[PDB]
């Protein structure tokens, strides 16, 4: 139903000829179809020719032209390939059909995918190739993809094919049915400022590490995360007040900073909102939470208001993590805190000592507090003051000055008690405001400085127990209210050395005591290794497994699709590429490169080609999240294609993510290519036909043939009408003398008007001396209008009898 052959006829030098008539007959059934050279195009076209062998014959030629003595053989193959046997022809461009399949179906789970036209495959308004869309498929193990990624040679049906595979990293808890509920506590104190610490980039690196840890925790959709950012308070967007400054010896407060007036003893503002105080596993919420992670801290000194909020109130942060897990964690979940900090506490909530007259000794009081804690080693939250109607700043201990709570109220400078200078012009004002000014209005004076009450040890005059640093209460807080809960608590310190107010050994002991075991604190000195350390602690509670583990791609070529092996006809490294996104590659069959220069992701990958099965396999794939391999190779549509028909480039194309699981198979989507077969066009050069006509000279009476008559054939002159002359100047058909058969035979005669003259009768016949006998015309090489022109009474005649032209002579009668 798909064979085709076209015949053109030329003539006059080479102009195109109309009206020819052809026949195509099937040599096994005898069936016939006939076709006529069409009017405008000058072509005779046979369409829709079925497989088999044919004879093609010219039934009639155009008017004017000789018939053809030639019969052509026409074989149509099972695929519609039309050949005219042992004959030179032009093969002509054929138009592509407008039929396209619209979908493929994934065998594995039986779902449709769309199919679209490939750019660069357009040929005259139609397309030769189709890609799946999308060409990349999401799978539980990552993604896979297959497409034509380039057209190498459109006219020759040559394309480049690309397959990719990307993996997934899976974290599994020691108990699968127990997901994680995680709070991250993140220090945003001023010391985290990126330019501080010799440009250590603390904030940005701890922030980038936090974001990456969130990605790892939440890659399992069951796990939930929350984020607490802290410094002098929880950074949550709410309005907050801090106090600053020192005091004179009667306790009248004053800010000795040169950035502020002496009466600026408190600061109020909204903090930045760097917290996400809700455990969540919703993807949109997680996006929002990671955007709240700070990558800066306050860069300026104390001339900025926000600097006043950037000390280290560790207890309050630990409190917020315990609150979130207590209030929001699931019953059956592993509860975790990751705490990233760069300093020891410099603020804490006061232990609620009783100062009434008959109250027990401070040590007795404290021992009773320890006695209520679960492990007899800490203080319950209800035995601290953590709220006040006048505000937190009125009860909190410390302000960022030191880990110590000073046991001497005196501020020292240069080896001696320090005084605030009061110039003569401020003497009256500071004296009237109620400060203990020493000096006078002429010379000015000074105000001896003391640390304010809330920065000192308390109870300050105790003869028994006395709290002298912010670590002890924070640690007792932890032991009393966090340790009995069974949380995993990991602490990553950044450059911790005990500044301000203590040393590296106390700082280390303290950070260990607010982690769930001492190994669960690590101090990082290189800020580029914060993520590595968070990751290490992550890996004590999960095991990591890659989803593609000695995976295999199996990629059979489609029916009538040939893998390009180039001239050697052998599959070798010139015929494919295999690269991966760690920069590794197969090079001459060997895996090279990657950041460790060991072949990286491709270290164990092989590309094989089974020549019997026409199939590529890629073995040895090991891929986690963001690990991706690419295979490319070239194919060509086989010469035996069926015209217009789309061929899949591959058979069933599969990824087995794990050789360990032989029945887990994922399908790749499949491209298609086609071509339209050219048809044979025979051009026939036709010969103009020329006229012929024969007369028999005979006796009038008995119609016997006569020898010895002489005739001349005249032709009308092309210019003048009344004027017949010789045909050429050689001697052609001039004085032709008849033989015993009587025949006058004319052939190869051009078109036009002719007059046959009898020059002389034969011996024994009435004289006929140069007389016109017959007129006729040759038109389109045929004899027309054969008429007698014998003059009246001349004894010659013309007769037409039993299909023959006769010229008669009358014998001389008896004397």
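Residue numbers count along the first chain shown, from 1.
Student: Which is higher on average in the deposited entry, the C-alpha temperature factors of 443-451 or of 570-578?
Tutor: If you average the C-alpha B-factors of 443-451 and of 570-578, the larger mean comes out for 570-578.
Student: On mean C-alpha B-factor from the PDB entry, just flag whether 292-300 or 723-731 is the higher one.
Tutor: Of 723-731 and 292-300, the stretch with the higher C-alpha B-factor average is 723-731.
Student: Take the CA temperature factors straight from the PDB entry and tell me which of 172, 408, 136, 323 peaks.
Tutor: Of the candidates given, the C-alpha B-factor peaks at 172.
Student: For the listed 183, 514, 109, 660, which has the peak Cα B-factor recorded in the PDB entry?
Tutor: 660 has the highest C-alpha B-factor of those listed.
Student: Sorting the chain's modelled residues by C-alpha B-factor, tell me whether residue 764 ends up in the lowest, middle or highest third.
Tutor: Lowest third - that is where residue 764 ends up once the chain's C-alpha B-factors are sorted.
Student: According to the PDB entry, is the CA B factor of residue 389 in the bottom, middle or top third of its chain, that is, lowest, middle or highest?
Tutor: As the PDB entry reports it, the C-alpha B-factor of residue 389 lands in the highest third of its chain.
Student: Using the temperature factors of the C-alpha atoms in this entry, rank residue 641 within its chain: lowest, middle or highest third.
Tutor: Middle third.
Student: In terms of the chain's CA B-factor thirds, is residue 177 lowest, middle or highest?
Tutor: For residue 177, whose C-alpha B-factor we compare with every modelled residue in the chain, the answer is the highest third.
Student: Against its chain's modelled residues, does residue 150's Cα B factor rank lowest, middle or highest third?
Tutor: Ranked within chain, residue 150 CA B lands in the highest tercile.
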